[PDB]
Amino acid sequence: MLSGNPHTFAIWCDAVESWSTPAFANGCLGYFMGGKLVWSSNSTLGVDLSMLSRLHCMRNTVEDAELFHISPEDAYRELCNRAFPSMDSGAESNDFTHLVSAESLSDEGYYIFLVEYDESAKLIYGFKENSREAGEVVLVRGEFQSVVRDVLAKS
């Protein structure tokens, strides 16, 4: 199943019949972001989908003007800083506000963040601590949520 538009944002997912049981739809899940695909063949789609439905961005704004306007490289480093603060930071509560990776994707090491500005939005993504190779794609605001919501409706 494929919801959204791979040139901007889409989710592609399917169970593999031979990996699965009536309880566990096990198979593949990927995000297309500005034409690029990051994917995992390690997903249990019920668990991934129920967790996408409870991302902070589904019911709250994730406005951040700085992160929108700075480099993809710097933003991804700052977002990974917020999510995984070190002991230099003191005793700081971690921040997953902007994180929108499905669990299968996070668990492989794809960290994918949503930042909104006014009427636009950015997915900012990279692999692990490789901030140099980070990237992003400009979306319309609400586009990510609406694609997610579509995936949940169609299942």
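Sequential numbering from 1, following the sequence displayed.
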So which stretch wins on mean C-alpha B-factor, 28-36 or 86-94? 86-94
107-115 versus 125-133 - which carries the larger mean C-alpha B factor in the record: 125-133
Please place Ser120 in the lowest, middle or highest third of its chain by C-alpha B factor as given in the entry. highest
Is the Cα B-factor recorded for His7 in the lowest, middle or highest third of its chain? lowest
In terms of the CA temperature factor given in the entry, to which third of its chain does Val62 belong: lowest, middle or highest? middle
Should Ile70 be placed in the lowest, middle or highest third of its chain by the C-alpha B factor in the entry? highest
